[PDB]
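Colleague: My structure is below; once you've seen it, I'll send some questions.
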Amino acid sequence: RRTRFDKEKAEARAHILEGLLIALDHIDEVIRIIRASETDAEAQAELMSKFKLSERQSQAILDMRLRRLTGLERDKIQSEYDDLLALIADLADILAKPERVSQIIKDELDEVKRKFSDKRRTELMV
Amino acid sequence: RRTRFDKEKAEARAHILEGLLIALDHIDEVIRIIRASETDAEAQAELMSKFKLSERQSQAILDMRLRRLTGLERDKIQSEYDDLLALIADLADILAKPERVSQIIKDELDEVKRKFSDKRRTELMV
Amino acid sequence: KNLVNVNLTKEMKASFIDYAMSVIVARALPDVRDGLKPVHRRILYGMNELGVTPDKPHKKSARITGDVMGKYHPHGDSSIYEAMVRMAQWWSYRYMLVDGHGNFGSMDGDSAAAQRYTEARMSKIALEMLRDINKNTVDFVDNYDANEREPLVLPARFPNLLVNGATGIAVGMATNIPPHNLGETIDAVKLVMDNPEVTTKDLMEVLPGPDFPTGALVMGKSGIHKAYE
Amino acid sequence: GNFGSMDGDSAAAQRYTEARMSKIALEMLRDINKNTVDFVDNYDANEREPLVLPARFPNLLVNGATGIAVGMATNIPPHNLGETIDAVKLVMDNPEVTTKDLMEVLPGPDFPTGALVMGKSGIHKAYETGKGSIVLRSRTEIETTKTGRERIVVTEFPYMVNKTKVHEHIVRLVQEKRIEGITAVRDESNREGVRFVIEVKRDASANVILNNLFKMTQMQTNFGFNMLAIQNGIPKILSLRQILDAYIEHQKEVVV
C-alpha cells in the first residue's frame, strides 16, 4: 500500500510534468491558442482538444511561468521527468516481485534492531 | 511631497505594466529568445537588448504567467494601464497648478471640521 | 576645584550653544509646523509604530514608554509619562490626542501613580496627525541608536499650535497658549489661503480667540487685537 | 557581592556589598608616596590629593573614556595590554613609526566580552585622526542540523549592549512581522557561559536571517571612536601616536 501510494504521487507529478513537457514540445501552438483565447476555460478546453491534455495538464500549462520557457529550464524538467519515471519503474519492480518486498521488510527490521535491541534481562535456566 | 510619492508609485507600476505591454506586443520574439536562452540573465539581457527594456521590465516579462497571455488578460492590462496613466496625468495636473493644491487642503480641512469641530466653551464678553 | 582645564574659548561657546539648543528643543518650546514638542512627537510616532489605534483596545502605557526609551527618547520615564498624562486629559489639553484608560487626574489637581497602572491609545485626532506619514511626506532622521528612524516634524493636517498652544520654559524666552476653536480656525486658514492680504481685524471677525478646554469669560478685545497683531 | 549582570542589573547600595583593590590598582599606586606626582590641597584644606595618578600602564587605551557632551564627548577604544605595551616599546624605540606599522602591532578593540570587528578602514581612520567609526558584528555562526531547521549560535554581543533587550527586540521583530523565518530563541544560561541558540526553521537559509538581524537589531551596530581627553589642561582630540607620545613623556617624568 505504501509503494502504491508513492507510485500514485510520483505518477501524478509525472503526469503534470508530462503535460508541461508537451507544452515545451509545441510552445508556439499553445501561445497561438492563448492569444486566440478569450477565457481561461476556453484556453484549457482548446489545449485539451488540440494536444489531448488533461484538466491538470492544462491548468499547469496555463499557470506555467514564462521564465521556465528556456533550455536552461527544459533541461531540469526533462532530467527530473526521467528521474521520476525511473522511480515509477523502481516502484513497479517493487510491486511486481515479492522478493524485494521481503527485502524492504528485512532492511527496516534490521534498522529497528540496530536502533533498539537490548538482550535478555531474564535468564533461561533449566 | 505626497503627490510626488504617489506619482512615483503609480509611475513605477505603469513602467512595469508598460514592459509587460511591450511583451504583449511581440510575444513571439520574446518566446523565441527564451527558447534560445540558456540562463535567466542571458534572457533578460537579450530582451533588454532587443526591445530596449529595463531590469524591472525584463524580470516582469520572465516572471509573467502564461495564463496572462490571452486577450481576456490583455484587455485588463491595457485598461488598467490607461487608468494608471490617467492617474499620472491627474497627479501631474495637481503638481502643475497650485490652485488644486489649495483645493485639496480646503477639502481635507473641511473633512476634519465635519469630524470634530465643537464650539466655544468660553464666551467672549466685553 | 578639581578640573583645571583652561583653554576653552570656542569649546565653551560650542558646548554652551549645544546645551542651550538642547534645552530649547527637547525640554522647551515646540515647533511651528506641527505645534508638538519633541517628547510629544516621539510619543505619537512610537504609538504609531506600535499601531495602538482605536481599532484595538487600550494598551499599557509602560510598554509604550519603554519602547520610547528603547527607540527614540532616552530621558526621564516619569517625564515622558507626564507628557502622556497631560496630553490625555480633557481639561489639561483641548483636543485629547491620546485617549487614556484609567485614573489620570482631576481639575482639583491630581496625578496618576505611574506608567504601569493605567492604559492609553491614540484618539481619533492622532490618526489625523499620522495619516499619510509613510509616503515620503516628511524626511526621517537617524536617532541616537542609529537603527531607528524618527520624523523631523509630524505631517499635520490641522494647525495644532492654535488648537493646543505652547507652554514655555524661559531660559530667557517663554511662550504661551492661545487656544482656538477648530472650525473657526479652519475657516481662517481658508480665508488666508484665498486672499493673501486679509487684515487681522477681518480675521478677528473669523477668530474669536481663546477656546478654553473648560470654558471661561474673556475680557478685553484690545489685548486680543494686540496679540494677533 | 552582587553588582550586576550583562542583562543590566544594579547593586542596592554602598552598605550591602564589599570591595577592595585588585592586582592592578597596586600597580597604579606603586611608587606614589615618593615625590612622584605633586599633591594639592582639597576642599577641606587638611587632606592632600594627587593631581594625576602615576600610572604604570597607559590606562586610556586599556579602559577607554566614556564622554558626556556639553558639545564634546569621547569614546572607548579598548586595547589588549600586551600589544599595547609592545606598541609603547616600538614608539619609544623609533620616534617615527608609521601608524600602519602600529596597526601591525595593535589590532584594536579588545572588548571585555568579545565581539567581531568589521572595518579596518575605520580603524585606520581612528588611529590616524581620532575620529572614525567601526562596525561591531557579534560572534555568530550558522550550524545546520541533520533534521533541517538551522541554528544561529550567538556567543559575543558587542561592547555595552544588553542581552535581554536584544532578545526581546528579536522576539518583537518576529511579532512585528516585517521578516519571518525565526522559529524561537533559547536563552540557555542563568549566569554561566555565554552561548545562545536562536533557531531558523526548515527551508530558510540562516545567512539571510543573520544579515537581517545584523541590519535590524543591536547585534551588529556602529561604534564611533573620538579619542578626546585632557592634555596640558585642555580637551583635545588626540591620535594613537599622540596618546603614546604623551604617555612616554609622563613615564619619563615619573622615572626622573
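Ligands are numbered from 1 in the order shown, chains are lettered A, B, ... in the order of the C-alpha cells, and residues start at 1 in each chain.
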Can you pull out every residue within 12 Å of segment 72-79 of chain B, counting only C-alpha atoms, but drop anything in the same chain fewer than 2 positions away, and send it as a ChimeraX atom specification?

Modeller: /A:34-43 /B:13-14,16-25,27,64-70,81-86

Colleague: Got a sec: who's within 8 Å of residue 86 of chain D, counting only C-alpha atoms, leaving out chain neighbours fewer than 4 positions off, as a PyMOL selection string?

Modeller: chain D and resi 82+90+105

Colleague: Can you write out the residues you just picked, keeping N, CA, C and O atoms, as a PDB file, in the first residue's frame?

Modeller:
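The result, stored in again-v5.pdb:
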ATOM      1  N   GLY D  82      49.121  43.543  26.234  1.00  0.00           N
ATOM      2  CA  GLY D  82      50.447  43.144  25.789  1.00  0.00           C
ATOM      3  C   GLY D  82      50.844  43.793  24.479  1.00  0.00           C
ATOM      4  O   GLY D  82      51.969  44.285  24.330  1.00  0.00           O
ATOM      5  N   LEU D  90      57.826  50.020  20.848  1.00  0.00           N
ATOM      6  CA  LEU D  90      58.258  50.363  19.500  1.00  0.00           C
ATOM      7  C   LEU D  90      58.207  51.861  19.249  1.00  0.00           C
ATOM      8  O   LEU D  90      59.051  52.391  18.514  1.00  0.00           O
ATOM      9  N   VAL D 105      51.141  46.272  14.971  1.00  0.00           N
ATOM     10  CA  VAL D 105      51.194  45.919  16.381  1.00  0.00           C
ATOM     11  C   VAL D 105      49.790  45.800  16.945  1.00  0.00           C
ATOM     12  O   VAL D 105      49.345  44.717  17.336  1.00  0.00           O
TER      13      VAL D 105
END

Colleague: List every residue of chain B that has an atom at most 7 Å from any atom of chain C, giving for each one its closest atom pair and the distance in Å to one decimal, counting only C-alpha atoms, sorted by chain and then by ascending residue number, as JSON lines.

Modeller:
{"residue": "B:1", "atom": "CA", "partner": "C:137", "partner_atom": "CA", "distance": 5.5}
{"residue": "B:2", "atom": "CA", "partner": "C:137", "partner_atom": "CA", "distance": 5.6}
{"residue": "B:5", "atom": "CA", "partner": "C:135", "partner_atom": "CA", "distance": 6.2}
{"residue": "B:106", "atom": "CA", "partner": "C:190", "partner_atom": "CA", "distance": 6.5}
{"residue": "B:109", "atom": "CA", "partner": "C:186", "partner_atom": "CA", "distance": 6.4}
{"residue": "B:113", "atom": "CA", "partner": "C:183", "partner_atom": "CA", "distance": 5.4}
{"residue": "B:117", "atom": "CA", "partner": "C:183", "partner_atom": "CA", "distance": 5.3}
{"residue": "B:119", "atom": "CA", "partner": "C:181", "partner_atom": "CA", "distance": 6.3}
{"residue": "B:120", "atom": "CA", "partner": "C:211", "partner_atom": "CA", "distance": 5.4}
{"residue": "B:121", "atom": "CA", "partner": "C:215", "partner_atom": "CA", "distance": 4.3}
{"residue": "B:122", "atom": "CA", "partner": "C:215", "partner_atom": "CA", "distance": 4.0}
{"residue": "B:123", "atom": "CA", "partner": "C:217", "partner_atom": "CA", "distance": 5.1}
{"residue": "B:124", "atom": "CA", "partner": "C:218", "partner_atom": "CA", "distance": 4.9}
{"residue": "B:125", "atom": "CA", "partner": "C:218", "partner_atom": "CA", "distance": 5.7}
{"residue": "B:126", "atom": "CA", "partner": "C:219", "partner_atom": "CA", "distance": 5.6}

Colleague: Would you mind reading off the distance between atom CA of residue 131 of chain D and atom CA of residue 151 of chain C, one decimal, in Å?

Modeller: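 Between atom CA of residue 131 of chain D and atom CA of residue 151 of chain C the gap works out to 27.4 Å.
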
Colleague: Have a look at atom CA of residue 38 of chain C and atom CA of residue 159 of chain D and let me know their distance in Å, one decimal.

Modeller: 29.2 Å

Colleague: I'd like the neighbourhood of residue 180 of chain D as an MDAnalysis selection string, where a residue qualifies if any of its atoms comes within 10 Å (using only C-alpha atoms), though same-chain residues fewer than 3 positions away should be ignored.

Modeller: chainID D and resid 173:177 183 200:201 204 209

Colleague: Using only C-alpha atoms, which protein or nucleic acid residues come within 12 Å of residue 81 of chain C? Drop anything in the same chain fewer than 2 positions from it, and give the result as an NGL selection string.

Modeller: :C and (39-40 or 43 or 60-66 or 68-69 or 75-79 or 83-88 or 98 or 100 or 104 or 111-120)

Colleague: With only C-alpha atoms as the atoms that count, which of D:231, D:133, D:121, D:35 lies nearest to chain C?

Modeller: D:231

Colleague: Give me, please, the distance in Å between atom CA of residue 170 of chain D and atom CA of residue 153 of chain C, quoted to one decimal.

Modeller: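 Atom-to-atom, atom CA of residue 170 of chain D to atom CA of residue 153 of chain C, that is 28.6 Å.
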
Colleague: Determine the nearest neighbour of chain C from the options D:32, D:25, D:166, D:76, counting only C-alpha atoms.

Modeller: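 Closest candidate: D:166.
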
Colleague: Which of these, C:146, C:163, C:28, C:203, has the shortest distance to chain D once you count only C-alpha atoms?

Modeller: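 Among the listed residues, C:146 lies closest to chain D.
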
Colleague: Which one is closest to chain B: A:53, A:30, A:12, A:62? Count only C-alpha atoms.

Modeller: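 Using only C-alpha atoms, chain B sits closest to A:62.
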
Colleague: Provide as a ChimeraX atom specification the residues of chain D at most 9 Å from chain C, counting only C-alpha atoms.

Modeller: /D:42-43,51,69-72,165,176,215-218,221-222,230-235

Colleague: Name the residues of segment 13-66 of chain A that fall into helix (DSSP H, G or I) according to DSSP on the backbone, using the chain letters and numbers of this document, as an MDAnalysis selection string.

Modeller: chainID A and resid 13:25 27:35 40:51 55:62 66
